[PDB]
Every structure is written in structure tokens, then in C-alpha cells.
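What follows is each chain in one-letter form.
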Protein chains: 2
Amino acid sequence: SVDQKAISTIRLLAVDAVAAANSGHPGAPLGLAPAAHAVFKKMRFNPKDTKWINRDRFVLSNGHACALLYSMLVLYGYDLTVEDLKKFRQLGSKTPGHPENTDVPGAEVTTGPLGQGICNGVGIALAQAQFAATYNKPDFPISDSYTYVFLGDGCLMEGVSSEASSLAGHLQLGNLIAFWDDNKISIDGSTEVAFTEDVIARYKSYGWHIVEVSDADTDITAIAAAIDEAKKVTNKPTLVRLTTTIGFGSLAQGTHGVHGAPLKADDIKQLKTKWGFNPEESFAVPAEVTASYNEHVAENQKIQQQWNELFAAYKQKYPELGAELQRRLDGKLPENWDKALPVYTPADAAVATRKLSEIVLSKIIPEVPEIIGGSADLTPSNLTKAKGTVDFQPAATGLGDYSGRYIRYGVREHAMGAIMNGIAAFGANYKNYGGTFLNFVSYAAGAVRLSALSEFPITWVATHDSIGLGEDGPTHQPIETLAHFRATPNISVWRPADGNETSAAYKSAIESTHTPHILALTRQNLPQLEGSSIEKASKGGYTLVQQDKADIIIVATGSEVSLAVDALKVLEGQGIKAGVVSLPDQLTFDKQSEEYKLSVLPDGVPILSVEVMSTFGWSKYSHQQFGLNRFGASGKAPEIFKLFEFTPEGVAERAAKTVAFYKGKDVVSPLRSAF
Amino acid sequence: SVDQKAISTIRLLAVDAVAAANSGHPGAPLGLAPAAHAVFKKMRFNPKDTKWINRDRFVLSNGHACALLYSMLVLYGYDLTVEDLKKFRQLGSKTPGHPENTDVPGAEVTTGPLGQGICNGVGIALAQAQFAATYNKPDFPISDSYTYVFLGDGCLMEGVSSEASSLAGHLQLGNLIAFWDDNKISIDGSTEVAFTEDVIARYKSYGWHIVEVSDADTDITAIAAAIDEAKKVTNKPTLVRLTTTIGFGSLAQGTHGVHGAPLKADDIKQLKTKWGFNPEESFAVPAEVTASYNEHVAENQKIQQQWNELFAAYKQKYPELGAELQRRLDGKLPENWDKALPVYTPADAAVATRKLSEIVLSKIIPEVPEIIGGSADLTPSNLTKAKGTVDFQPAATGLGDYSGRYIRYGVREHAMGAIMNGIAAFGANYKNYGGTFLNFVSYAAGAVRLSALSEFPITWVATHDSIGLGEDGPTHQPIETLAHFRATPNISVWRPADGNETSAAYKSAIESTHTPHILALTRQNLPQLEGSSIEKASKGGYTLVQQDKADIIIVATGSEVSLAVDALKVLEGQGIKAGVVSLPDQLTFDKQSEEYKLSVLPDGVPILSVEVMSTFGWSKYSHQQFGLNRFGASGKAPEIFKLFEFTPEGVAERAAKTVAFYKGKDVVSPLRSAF
Ligand SMILES: [Ca+2]
Ligand SMILES: [Ca+2]
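- In the PDB archive, X-ray crystallography is given as the structure determination method for this entry, at a resolution of 1.30 Å.

- With the PDB entry as reference, chain A is termed Transketolase, source organism Scheffersomyces stipitis CBS 6054.
- Per the PDB header, the entry is named "Crystal Structure of Transketolase contains cysteinesufonic acid from Pichia Stipitis".
- In its Function section, the UniProt entry covering chain A states "Catalyzes the transfer of a two-carbon ketol group from a ketose donor to an aldose acceptor, via a covalent intermediate with the cofactor thiamine pyrophosphate."

Have a look at this one:
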């Protein structure tokens, strides 16, 4: 049949791509080709409009199997060709060794690191439910799409997938349909060596529906029927167990050796012969397969055309909601939304930046409907929903509704990070956030790094940023955390000092389209600074206190800016004139013009950094660094600051030493370099 | 009864400690006091010998409940007093807000970050099984101890606990007994908001045994019986469901408000009144409770005395095993074990450092019985057991034995990290390791940080360290990873360049007693260097190529040392004389004398760093830094190096620019500072 020919075509494209690279993973593509064929036949998508908001989404969580994804995209006429397949895993190609959403048309997310894609799928499905609840009306099914995820044994061992699966079951996400490649093989060999749990029993315990397909090597009718069954279960995510043979058809089928290395040339020849292909030919695409796939694309394009007309009729009946939806699909925030950002003066009271952040959210959430977010491993007293909103929950629970805006992630930081990526990936201008303690953003490093690589505008609301949290002690107090994330490409790491800086941090986070944000916020109260503003803080770094005859400039962030200002007064008494620079986001500052940056950190003056965390990175901006490069302590916060000499007198002493160290030396800006 | 009085005493000590601090968590201590009393009565331990190797171990994984742990330790006469309790959460006290194994007698591990303690318990139990299989003989039960773990709802949501629980069930760890505080409350409020899974069904799916105690607020008889039942099930870890009231006895019992904030003073008064205590008195310890607890301590001390005699008789019957066990309990490695480390010369072939590491392990494992380890999310071709050993598995599986030395962790990096901490915590000189790709050590950051804080000599064997891995691409290629871990206090991060440096890295890792190690190893082949040795590399940084008239020194690590040596030859052709420094471990180097360090990085010469990763940290050792501060690429590794100009010519160009930049400038060592 043409279906059988299509499956062979998929298999052989994947095998041939791996062969050309002499690198990559042919086993899972061979095993999953029947399922991929069956699922893509059920999916609604337009290869010529990858951003259609009512498309079904597909996520290949076992991302090493991506020769499979690329083969599907090529066969369906996405902006990816057989010539691109021939360049699989080759420098600069459109077919990298793991799929990248920035580089690959039809790759919704960046997968490869195990466990991530299934969580991303949870987030896409969460967003779809929230979006549909927000926009759908009687006779106007604006959003009714499904989220299809392929996953492997490795994904099921990673804790992040357990977290997301528990939460997805709780959230009754009936438009999520996941497929487990039950092939009994991982990298180390048999799953009998380390993975003997009853996976199906576990998924039932989370509240998922199960369908089992006992012969997924051939039974595409049963795979299609499993999809139909899953669609009837509207209040549970579904796991479809696909019992497959890894490397199906290969001489080495059913072995670990086919998981992650190219097949032997003679093996590829017999594959081709047994499936009716020419063993002397590579990258064959039978025209009958193309025709069959083009028929499904044509049908999907007519569905999209009808959706466009539905949307036009929606705008006529619901003008305000229609305009809102149009604006979001255009990628634009509401006009002048930022007028809602709170502004402070030095006459206002001291406030913790965690509380300032709460206040910002309270003001902007009602004005910007595409903001949703939540928290994990965090008291409601440290972050909760904006007044006038409700939690995102299935209505059946009585605890919220899918129209809700605040997600109760539970104690699941890593999955929260990966789910945020999926919400961003959904599109429709979603600007989503996740709260936890800064120190436990580290639990989610796998996902955070992927936010950066994937260019997703997600936001971490990361409170209790330092020893300033006090009594919980060194297990909770960040030291290395900002250095870690600042060292990662494409992460804005805001550490605002006061009310105006906190508003600038949110302006950046919400306006972002390609850069994830981490907002490092305090437990303890900080003063409103003389010289701060949203305008100046928006530059990432700025001159807070200008001193034309400066003996030294102190550059600081967050809680240490006020400390620097107090140190300036001590230094004046010692006959030393200091300027102060506030550097709320190093990435934003780095992106400013060279002349702007040099106006902030000029030549001819020693510069001392102060931040109660690792000194790593700080030499970009300073000659000497006062930081904390040891673990913290359990006690009242002001006593810990005194212990480590983060006091006005301690800063002044180090500033005076810095001035002395550079007497008679020529000093140029830390921004200067040799290359 | 005295048992009831003891439980009230525990409860009130915990409440009073939280009250004195005006900080901390009284709810779980109130709920878990009956269970803590019952479990400690069943445990064998000596408060006067916290390191008795056959003690039962207790782990409080819900570490925020530590007022409870401290109360138990005080009541049993550990080196912790009521005066220490009065200083709970106070700077410099022996009673920090979360328990720290370095600071607190009877704290086996450092808990607080959720999910970790249960995994640590898995590791303690794994080590006990391996230890018993190694040493026990007929009539000589050298090791027969249990591992008791308390955990909460938050712990059960964290993915790391799922990973460890799946693995513990697979490993049939029948001496592990965990207790779930089933109190329906987390920080956000009811578990109904985010945690509605069937926990018991999930634990059955992992192969655990279950006991349910429906009234754990009062039924200590049933808690004791649950322990007895668990001990009869020798081939499954057991989860005991303790249905408790959070804050039991408080006016606010059964609410989120009692989870993490001090009780009201009037509430504490009525607690005391209803339990027969004086509401005007704090930190009361009834003498009858002390007597009862002292009786159990006396009995346990007689058990230890009998164990000491058993050990003496074991040494008579089994002299060689006895001497080995004695050596390990003394914390000493075999005499001259390091003579087994491989040594190379520049005449030897190029080898990848991953392969050099395999070879080291192959040579040292047979000589050092306290080395065990494994791998997670890694092909057996990248790391497997040492020849002549077997996997650690229950014999019932036919796949290994508990005497085995190689652990199949599955795709569970985070749990592997936390389990390694538990193996180290067991003691007996265990020197344990875990293999994965360097980029996915980040999945385990929560545990890695705790290795550092806890001072555990664990080792990560972290291969595929850079863009040198090639085709898997930017999702797999570390950029930020070494900066992250180098910025963390107390982590040795070895990046060996060649065979001799790899042997030095292992010498450091295995000799370690207080510092975790990460070994960053290459996929690609590297040459044996002229000038390397185990002796010199043991200093962390050393002069590889000395040049008395140097125009520049190039400092490099790992794969970039050979690159620097090739660049020296290009520079000679341009009339520039360079020295080379190899810096295989920054921490070890930092610990050397100031004079040694200055001999390596002298004044009066520009210094350029080269490492194909983040430049963060490198200004400690250099004036200019050539690194990679963007994500990688998917292609053949040598082509990626060429793209980013990590070539002899690219290094030489930057070196020449550095020389030019410092012409006419006075240059001092990067090791100099103002303070
Ligand atoms: Ca598999
Ligand atoms: Ca609880």
C-alpha cells in the first residue's frame, strides 16, 4: 500500500541521513516510523504556515531520533529538503544532530536533553487550554488543537518527566496525547538493567488514560484507533504504549548497537531490498508517497482557510476580543501597557524587591492578558495570583478554571522551567513566569539553558537572592547562581536595587521576544534610591551617582547598591570621592553602545565591584571585586552581612585599598581589551 | 505513659526552639514527633560514637522539620544540648535552620533542599548492601544495619525522588524504610491544588512494599509494627504512610500557616497545658524521658561493644579482610595504591581523556576495594565496569550481585548525584564516582552543590566536555558548566590535558576526604605533552613550557594545552617567545603557596588564557581571555574549532594582539590584588 511505502520511505531517509553523516541514531527512527506516519496523518498543520495558531503540535522528546522528524518535515514539504537531509549533522546545516526551534522549520521546541520535550508538550497543552478558555465562544472554536508527543525510555527515567506527568494528570489535560516507544533498550543495554518499574501503573497513578498497541511495528490501524480513543477522553492526558522493535528491519534490530550508531552498509542494502527499494540508491522519495502526503496537506490548508474565515466572523461578533487576539498573533503588546508600571521616588518607603515584584504583577496582569505564570516550591505569602484572577485548574476540581492565570506547579522547579518553555512555544505572545527561590532555579538548569538556546521569553521570579534571606542558611543562600546563569549565553539576569529598577526589569522581561529573564529579588527591605529611574535602569547599567573628580567608582547590583551609596559617605570622611554605578542587568548593559558603556565605566579611574555572591564575571566591569566566594550561614541577615564585612565601613576599607593599589598606575576601563 | 511524655517533650522542644528564633517550621515537627519517637526507639546508634559503622542511619529529608532532629539528638545525649536548641537559627550556632553534616553531630547528610534526603537514604542503603556483601561471613554479620528516612509531600513532588525511588525498587533495597508524612499540606496550601496523584499506587509500581498507619498522630504501636513488617520484607524497600495532622495540638493544626512560621504565644501555652507541662516554662526535659532514652542508649552501647568483639574475632578468622576493613574504618587508602596509576611519555600515542580515564579506573579498581561507581545517561562504550568486576544488582535478577562494583543508574543524573552523596555518607572510606556527559552534570546541580557543602569526596566522570564532541551539537556542548562549578565553593574541577594529567586528577579525586571532584574529559584524541607529569599536575597548575624571556604566557586547560603548544610554534615564526602553563585544576592551584603560584604566573609578563568555554573566572589567572561565550554548533569537531578560530593561528593572533596591547605598560601578575 502507499502507507507501507511511506513508512519504508521514512525509515530509509532516516537511515540514509545517518549514513551520510556517519553519525547519529538510526534505531528509534526505524522503530517509530509507523507511529510517525499514523500521527502526522491525523495532525492538522500547514507546512507553508508553521505559525498557524490552531495547528496540532508535535514534539519529538526522544530528540536523538531527529532523523525521523526531519524525514517527516521533508516529506510534507516544510522548508527543508532532501539536500538538507544529506547535510545531517554537518556544520551550518538546517539538520543539526538534535532539533533546534530557532533553526528548523516545524521544530516546536529544542529537544535532545532527555525529559525536556514531554514537559514542553505539557506546557503547549496547558497554553492551549488557557487560550481556548480565554477566546472560544459558542460557534467559535478558535482553539481546539492537540499536542502529540513521542518519548522514549530515557525520558521516562528522568525526574523532570515524572514532575510534568504528575502535574498534567492533575490538570486533566485531555488534549495531550503522548506515545511511549516501548522498545526495551536504552544506551546501557536492556531496560532490565535499571528500569523495571511498571510504567503503565505509574501513569495510571497520575490520572492518565492508557492505550496499549501491542504491535506498533506494523499496526498503524491500531495506532490511529488509539488516537481516536484518546480524543474521546477529554479529562485525562493519554499515554499510548507503542511496543516496537528498536531498529526494526535491521540485521541488528532489537539491540543497543542500533540505538546510537550508523548501520553497516550491507545492512542498509538488505533493508532496501526487503522493502522494494533500490539498494544502490540513497534518499529515495517515491512520487506516490509525495502525492499521498500532499493530499493531506491540501486538506489541512482548507481547514486553515476555514479557520481564517471563522476568525474574521469572530472579530465581527466579538470586536474587542477579536482585536486582542489579532494583536497577540501579530506579536504586539497592548499600546502603552508600560504606563501601568509603578514608579517610585526617594521619598517612598523601603520595600523588598520580592514585594515590589508582587506589586508590578498586580498592576500589569490586568492590563496584559497574555501574561500567565505560577510558582513552585514557594509559600503563597512569597508569591500568589494577582488580585482579580483565579488559578488555572480544570473546573471539575472547583479550585480554578482553564481561563485562570496562576499555575500551581507544586514542588516541581525543573518541570516548571520546561513547561514555561512549552507555554512560550505555543505562541500567541504568551509572556509567562515561574516563581521559586533563586537557589532552586538551579534544580531547573536543564530547562533554563534550553530557554536560552531556544530564544524563549520566559521569566523566573527568583526571590530570596542571597545571604539576605537569613535564617534558612547556606543550603538556601545563592553564591554561584548568578555567575552560572550570566555565563550562559542569552540570559538576562536582573538584580534590581529598588522600585524603579524592578519596574525596568519587568519592562525588559515582558517586552522580550528572544531572551529569557531571571529576576533576582530580595527577602529584605531596600531603600528607594536617589537617581534611579525606569529610563536609566532600562539601559542595564547606569551612573547612579556621578562624581567628576572620582578617586574610585563602585559598581554594584541589587541590595549592594544602597550599601555602596552608604560607603560613599564613609569614604567622603576619609577624603575619598566615589561615584556609584548600578548594574541591574549585565546582558542588557553589554548590548548598549560602546560609547554608552564607556560613559558608565570610563578610563582613568579604579573600579570596585560589590555584590554578595561569586566574583566570577565581575572583572568585565571592574578592576577589583568584593564578593562572597564561600558558603553562607544560618542567622539573622544583618548579622551575616556584618560577619562578611558587607557594611559601609567594610566596603569603604576595600575602596580605600583599591585607590592605594592604583596610585601611580595608569588605569583603563575594564571594558577595554586586546581583541 | 513515659512514651506519651517523651512525645510531648519532643513536640515542645521543637516549638520552643522555633519560638526562640522567631523563625522556622513547627508544623511537621508536631506531626512527626510520635513517629520520630517510635523510630529512634527501634534504631541502633551510639550518641558517643557517631561513626559506628553498623549503626542504623536516620535521614530527615523534609529538612525544614529539623527542630525535630535536633530535639531527638539532644534528648539522646548527642554532643548537642538544650543550650544549643535555644540558639536555633542563630549565627554560629550548632543548630542551623537546615541540618548540616559538617556542623551537627548525628546529621548524616545535609538536607533542606527538597528531594535530596530520600536519595541520600537510597545511597546509604546501597552502600550498606555493597559493604555487607563484601565483608559479611557465616557467623560474622559485620554489617546488618537499616536506613530510616522521613519525607514530606514536597519531597514526593521533586523529580529527583522519583528517580531514586524507581532505582531503589529495582535494586530490591530491603534495608531501606521510608516514612511519608501524609499531612495533605504543602507551602501553597492543600495538596489538592497540585498533588492529587495516587502516591501509594506509584510506589507499588516501583516495586516498593507499603504499610499504612491511619492514625500516626497517636498510634506508636502501629508505627513500631510497621517497622517490624518492613524488616520481614527483605527484597523491597518499604514506604510507611503516616497519616498525620500537621501542627498536631496547635490551635492552627491542619493548616498551611503552621508549616513554616512560629506559633502564637497563647497557642504554645495551651499546648503545654493540655500535655501536662508548665505554660510558663520553655525547653523542659522531664527526667523520666531522659531516663527512658538513656536505657535505650545503654542497650545500644552494649550492642556496639558486642560488635567490637565480633570484629576482633573476624580479624582472627579472616586476617586479610579484617585488615582491609580496619584500614577503611581508619580512613586510609592502601599503602602505595597510587603506584597503580598509569604514567605516559611524549613518545606514547594520542588518546582521548575519556579513554585515559577508563584505563585509570581499570588499573585502580582492582587495587582499591572502596572504589565503586557507575553511570547515568551514557553509553556503555563511554563508560562501563572495570574488567574483573560485576554490576551491583540483587542476585535475584541474575544481572549482578550486591558484591558488585558498578552501578547502572539509568537515565537519572540528579538522583545519581544525590545517591553518590549517600554512598559517601555511609563512610568506610567509600570513594565513589558517577559518569555522564559534562553538559548533563547540570541536571544534578542540586546534589552537586550539596556535595560541596557536605564536604563529600564524590567524583563526576564528565565526558564530552566541549565542542570537541562535535555532531550532537549545541544542546550537548558545555559553555557555562565549568564556570558554574568553579564558582561553587569547594569543588575541584579537573580538566586534564593528557595521560599524566588524567592520572593526577584521579590521584586527587581518590585521595580526597572533604572535596568533591568533577573530571572534564574529552571525546577527541589529545597528544601526550612534553613536560607533563603526575608530580607537576598534582599542584593544580604548573609551568609546562618555561621561557625565560617570555613576551607572553599562555595558560590553558584540557584540549587547549596542546593548542597553546602549537600556537607557541606559530608565535616563534612571528618573533614572539611564549611560555605555556597548564591549569588542570583551579581549586588545587589556588590552595598552593603564594610563592608557588607566583612562580607559575609571574609579574612582568602578559598572560592569555585559552579554554573553549566561558571566560568567567579566568581573570583570576590572566590579563586577557580567549574563550567561547556563545552556544556551539552541530558538525565535525575540527570544523567547529576552525569556525571559532581555536586554531594555532587564531591563538597566535590573539597572543600577538595581547603583546601589542601591553607594550609600554607595567604588568603585574593576575594573582595580585588590592585586598
Ligand atoms: Ca528505548
Ligand atoms: Ca506536607
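With respect to the relation of the copies chain B and chain A
Link 1 in the chain: Rotating chain B by 180 degrees and moving it 0.0 Å along the rotation axis overlays it on chain A with an RMSD of 0.0 Å. Both copies of the chain, as the preceding transformation shows, are related through a two-fold rotation axis. Among all residues of chain B, the one whose C-alpha sits closest to the rotation axis is B:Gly159, at a distance of 1.9 Å.
Link 2 in the chain: With an isologous cut-off of 70% or more, the 100% of interface residues of chain B that recur at the interface of chain A puts this contact in the isologous class.

Points about the pattern of salt bridges
Link 1 in the chain: Under the criterion given, the structure shown has 50 salt bridges over all chains.
Link 2 in the chain: The partner of A:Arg449 in a salt bridge is B:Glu480, with the nearest N and O atoms 2.8 Å apart. With A:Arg449 in helix α15 (residues 445–454) and B:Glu480 in the loop between β12 (459–463) and α16 (481–486), this residue pair bridges two chains.
Link 3 in the chain: Looking at B:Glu480, the relative accessible area reads 2%, which means it is buried.
Link 4 in the chain: Among the salt bridges present, the one from B:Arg523 reaches B:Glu471, with a minimum N-O distance of 3.2 Å. On the criterion of sequence distance, the pair formed by B:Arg523 in the loop between β14 (517–520) and β15 (525–526) and B:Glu471 in the loop between β12 and α16 is long-range, its members being 52 residues apart.
Link 5 in the chain: A residue is classified by how much of its surface remains accessible, and B:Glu471, at 10% relative accessible area, is buried.
Link 6 in the chain: Overlapping salt bridges bring together A:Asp182, A:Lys184, A:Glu212 and A:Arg241 as one network.

Focus: the coordination of the calcium ion (ligand 1)
Residue and element names in this part refer to chain A.
Link 1 in the chain: Protein coordination at the calcium ion (ligand 1) comes from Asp153 (OD), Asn183 (OD1) and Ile185 (O), with a distance range of 2.1 to 2.4 Å.
Link 2 in the chain: One chain supplies every donor to the calcium ion (ligand 1), and in sequence these donors are spaced D-x29-N-x1-I.
Link 3 in the chain: The class for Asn183 is buried, based on a relative accessible area of 9%.

Section: the interface of chain B and chain A
Link 1 in the chain: Residue-level contacts link 105 residues of chain B with 105 residues of chain A.
Link 2 in the chain: Between the two partners, chain B and chain A, sit six salt bridges.
Link 3 in the chain: Connecting chain B to chain A are 40 residue pairs in polar contact.
Link 4 in the chain: Counting residues per element, the side of chain B that touches chain A draws most heavily on helix α15 (residues 445–454) of chain B, at six residues.
Link 5 in the chain: In the side of chain B that touches chain A, the residues fall into 39 nonpolar, 41 polar and 25 charged.

Description of the sheet that holds strand β18 (residues 578–582) of chain B
Residues and elements named next belong to chain B.
Link 1 in the chain: On the basis of which strands lie adjacent, the open sheet formed by five strands has the order β16-β18-β17-β19-β20 and mixed pairing. Sheet topology places β16 (542–545) and β20 (624–626) at the edges, where each strand pairs with a single neighbour. Between one strand axis and the next, the sheet turns by 30 degrees as a mean value, whatever way the strands run.
Link 2 in the chain: Sheet topology note: the strand β17 (residues 552–556)/strand β19 (residues 607–610) ladder contains four bridges and is parallel. Bridged to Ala556 within β19 is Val610.
Link 3 in the chain: In this fold helix α19 (residues 559–573) packs onto β16, β17, β18 and β19, with an angle of close to 175 degrees to the strand it touches most, β18.

What about the packing of aromatic side chains?
Link 1 in the chain: Per the counting criterion, the structure on display carries 58 aromatic pairs over all chains.
Link 2 in the chain: Each ring, one from A:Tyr203 and one from A:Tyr206, has its centre 5.3 Å from the other, and the planes form 85 degrees; the classification is edge-to-face.
Link 3 in the chain: Judged by relative accessible area, which is 1%, A:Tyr203 ranks as buried.
Link 4 in the chain: Through a chain of ring-to-ring contacts, three or more aromatic side chains come together here, namely A:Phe40, A:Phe45, A:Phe58, A:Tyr76, A:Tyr78, A:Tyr146, A:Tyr148, A:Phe150, A:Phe179 and A:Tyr293.
Link 5 in the chain: The side chain of B:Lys231 reaches across the aromatic face of B:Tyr146, ending 4.4 Å from its centre.
Link 6 in the chain: Lying over the aromatic face of B:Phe661, B:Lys665 brings its terminal NZ or CZ to 3.6 Å of the ring centre.

Calculation notes
- Residues numbered from 1 in each chain as written, not as in the entry; some residues may be left out.
- Chains lettered and ligands numbered in written order.
- Heavy atoms only, no water.
- UniProt positions renumbered as here; feature names shortened; annotations may be inferred.
- Least-squares fit on C-alpha atoms.
- Contact = heavy atoms within 4.5 Å.
- Salt bridge = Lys/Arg side-chain N within 4 Å of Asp/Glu carboxyl O.
- Helix = DSSP H or I, 4+ residues; strand = E, 2+ residues; numbered from the N terminus.
- Buried < 20%, exposed > 50% of the residue type's maximum accessible area, 1.4 Å probe, protein only.
- Donors = N, O, S within 2.8 Å, 3.2 Å for Na, K, Ca; no water.
- Polar contact = N/O pair within 3.5 Å; in protein donor to acceptor, adjacent residues only side chain to side chain.
- Nonpolar A, V, L, I, M, F, W, Y, C, P; charged D, E, K, R; others polar.
- Pairing = 2+ DSSP bridges.
- Axes fitted to C-alpha atoms, helices over the stretch in contact; angles between N-to-C directions.
- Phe/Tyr/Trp six-rings, centres within 6.5 Å; stacked < 30°, edge-to-face > 60°.
- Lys NZ or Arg CZ within 6 Å of the ring centre and 35° of its normal.

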